[PDB]
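First come two forms of one protein chain, each written alone as structure tokens, so that there is a structure 1 and a structure 2.
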Structure 1
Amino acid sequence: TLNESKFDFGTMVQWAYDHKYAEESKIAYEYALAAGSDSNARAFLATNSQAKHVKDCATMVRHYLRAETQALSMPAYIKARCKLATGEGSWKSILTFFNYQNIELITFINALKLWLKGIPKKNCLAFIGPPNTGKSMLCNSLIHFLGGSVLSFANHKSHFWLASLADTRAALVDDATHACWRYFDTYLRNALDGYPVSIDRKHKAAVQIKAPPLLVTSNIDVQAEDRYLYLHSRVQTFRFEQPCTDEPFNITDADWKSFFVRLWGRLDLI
């Protein structure tokens, strides 16, 4: 990784942004390789304050990626995620699965439509059923396509476990336990009703935001439980009953792309 034999920070930040590198060690290493055929990368290794620049650069790119994701409307955002979708699947892969899980495409399309706008009480789609019915399967594939984030209720003892809600456009709380559902009930009523929540971030002061769209998976039916009365009118549920087990379903990013490109009209994304 030859490191030896006037530096503009702009040019570097640019390069990092273009390549979507946000992480210092990557930025550092990757720019050092570019220096074979890049004058500014060559000038960088001549600098004494490399470590400072690598840091700054990460901070710079982290600022931009974060703030452009926030700036785009939900349609433009989905549009962006469609462009990122490589390979080729089909929206049919998705329909086939719902058919298998005996749920209405139409029900889903509506739910999703309103979930995407983050309309109050329509902001949270639960995917409920016993183990191995492809709940994780579908939800994670959707989050992936969407550029979402997974929240782990394991980390709930720290209140920072919600930090990413100040960032994503969609979020998934995987495998909800009772603990977790009543957590929702206790603390997050406002996330469901589209009122503001103070989300604490680690190295800087907390921010007040509207909680982005939420997915949940669970073995637990909230609508069928009395102790979660508040949740009934705020959580849209879908039950999966059907096994997915061979030593058959794998929704891809292109599957979702086709799904959105094709039902774009029906999802009110115009």
Structure 2
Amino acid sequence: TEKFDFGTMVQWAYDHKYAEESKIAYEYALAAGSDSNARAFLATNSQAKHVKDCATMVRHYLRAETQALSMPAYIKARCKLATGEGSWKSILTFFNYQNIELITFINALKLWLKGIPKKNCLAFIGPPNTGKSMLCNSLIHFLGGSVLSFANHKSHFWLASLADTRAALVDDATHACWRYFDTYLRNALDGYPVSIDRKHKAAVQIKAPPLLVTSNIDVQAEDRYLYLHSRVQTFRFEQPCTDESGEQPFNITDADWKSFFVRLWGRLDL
């Protein structure tokens, strides 16, 4: 009875960060009890179209709204997202544990986040069960980055994510993987623009984001990976951890990284 206003619903949707049709529809129809517009919505002979468009719009921003930030801004935004309690000390504990000086990682982490040529790829090498996927997965999750599945490597579309995320991580690189790297991904390592295909869409011309790599292989040593030497910052995690006792081993959480970034914000040149 009060002519439905799309823009309003979008706003609404956008405010509650509701981005999937299914929800928008439902949640709104609920607010129909105490909301003239919502009520107006259910009156529409085209709820369908709106719910769709509503979402389309919402995500539209959200994506765009994020693509906007700068690494700092972005990392700042990724902090508001971190919920719960923890402390940078946890991270420090671990690195110390691996016999690595946090400053070393910090210094490494500074040029990384900045995507500085030849300082754009961090590798965590070591025997199995040393915390490699741990850390790297926890950091990526924090940063809201994408994990690359080198299994799909057969398809050149296994890099499609690189056109979106701020940070990608290739977990457990094998010789076949490193070879791939040394062969086709050199630019992704020299900060030169690189082409990246997208399912059904046109290729994108972008700068390859920060890369995280875990491997049992010390590329730094193997001679067939020469080009990679100067292009991969390597930390060697040797001391094990996951022991035969069932006990919950270390686990850096979003919170932890929150503290880390918040407390090191000065030193990281952010």
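Each form is matched to the other, and the largest set of C-alpha atoms that superpose within 1.5 Å is called the rigid core. Numbers follow structure 1, counted from its first residue as 1. Residues that one form lacks are left out of the comparison.
- Superposing the rigid core between structure 1 and structure 2 leaves a single residue from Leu215, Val235, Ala211, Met60 with a C-alpha shift of at least 2 Å: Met60.
- When the larger part is held fixed by a C-alpha superposition, the smaller rigid part turns by 7° between structure 1 and structure 2.
- With both forms fitted on their core, the C-alpha atom of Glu104 sits 1.0 Å from where it sits in the other form; this compares the forms between structure 1 and structure 2.
- In the core-superposed comparison between structure 1 and structure 2, the CA atom of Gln70 travels 2.1 Å.
- Look at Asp193: with the core superposed, its C-alpha moves 0.4 Å between structure 1 and structure 2.
- The rigid-core fit between structure 1 and structure 2 yields exactly one 3+ residue run with every Cα displaced by 2 Å or more: 6-70.
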